[PDB]
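Here's a solo chain for you in structure tokens, the form deposited without ligand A1IRH.
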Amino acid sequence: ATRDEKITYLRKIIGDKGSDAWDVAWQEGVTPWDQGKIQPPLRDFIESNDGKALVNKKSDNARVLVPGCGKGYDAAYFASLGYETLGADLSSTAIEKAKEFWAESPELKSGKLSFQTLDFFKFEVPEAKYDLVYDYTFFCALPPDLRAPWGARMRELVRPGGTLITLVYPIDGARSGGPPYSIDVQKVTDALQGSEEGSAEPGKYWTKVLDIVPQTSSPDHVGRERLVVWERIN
């Protein structure tokens, strides 16, 4: 019933079942990541001068992807900003629970917000790709050996000149084990910028336009969190 017990159990069933463990955890109510709401740094970015500018330039058919969305607080938030938004999660249980949690959303009603059981690695990316993608407790949910695929998928998911926001948490140093895996901005950078081979300035696929300590974090997130905004180039 404690967080640690639940984490221990979560990691145990991931060891036995692999990625199938996530729907199992959702069915059994072992969801220690679940916070019931978006993280404050997301709202404060959108409400900042850079965030206002990003939202104001959005095209009329701009699309948002929130992968590993869980109960979907972030997808609901982006939909409320006027974006046609898809919350994608591997667990059909999670997706139903998201549909319940946001049952009264006006954007769920209109179809502007949609929740779908999808594998982030496998689903067919729309032709137009995504204008804006938001990753929170998804990169850190993945085994380390899946970080490179995630970077590659992000590269094809975000249209040129589109934006990926990564709320990088938890930044816990050398702590081993996960999920949540201890991550840092460098690990996200390496995944997103791929293989150098030339060992040069990695800004080939993305420009890291903003990398900040959020001014308001959840109490438990203070000192373990950076918000980073990436723009797709080439």
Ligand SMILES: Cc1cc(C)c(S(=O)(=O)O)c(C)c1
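Heads up: residue numbers just count along the shown sequence, starting at 1. Shifts are known only where both forms have a C-alpha. Whichever C-alpha set is largest while still superposing within 1.5 Å between the two forms counts as the rigid core.
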* Are coordinates for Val55 absent from at least a third of the other PDB entries that model its neighbours? -> no
* Does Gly198, which is modelled here, drop out in at least a third of the other compared PDB entries? -> yes
* To do: Mind pulling up the entry and telling me whether 52-60 or 66-74 has the higher mean Cα temperature factor?
  => 52-60
* **Residue selected from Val125, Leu118, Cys140, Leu132 by maximal Cα B factor** => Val125
* If you rank the chain by CA B-factor, which third does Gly161 end up in: lowest, middle or highest? -> middle
* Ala21 CA temperature factor, ranked by third within the chain -> highest
* Asked: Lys37: which third of its chain by C-alpha temperature factor?
  -> middle
* Among all modelled residues of this chain, ranked by Cα B factor, put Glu107 in the bottom, middle or top third, i.e. lowest, middle or highest. => middle
* Chain thirds of CA B-factor: placement of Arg226 -> lowest
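Beyond what is shown, the protein has a form deposited with ligand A1IRH bound; the following relates to that form.
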* Is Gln35 close to ligand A1IRH in the deposited complex, meaning a heavy atom pair under 4.5 Å apart or at it? -> yes
* Looking in the deposited complex, any heavy atom of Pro179 within 4.5 Å of ligand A1IRH? -> yes
* Asked: Does ligand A1IRH get within 4.5 angstroms of any non-hydrogen atom of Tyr169 in the deposited complex?
  -> yes
* To do: Answer with yes or no whether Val133 is in contact with ligand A1IRH in the deposited complex, where contact means some heavy atom within 4.5 Å.
  => no
* Stretch in contact in the deposited complex with ligand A1IRH, which is absent here, among 102-110, 158-166, 135-143, 78-86 (heavy atoms within 4.5 Å) -> 135-143
* To do: State yes only if every one of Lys204, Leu210 and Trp230 has a non-hydrogen atom within 4.5 Å of ligand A1IRH in the deposited complex; otherwise state no.
  => no
* In sequence order, which positions of 15-31 have a non-hydrogen atom within 4.5 Å of ligand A1IRH in the deposited complex? -> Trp22
* Asked: Among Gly36, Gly177, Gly198, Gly29, whose C-alpha is off by 2 Å or more between the shown form and the other one on a rigid-core fit?
  -> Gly198
* If you overlay the rigid core, what runs of at least 3 residues show Cα shifts of 2 angstroms or more between the shown form and the other one? -> 196-201
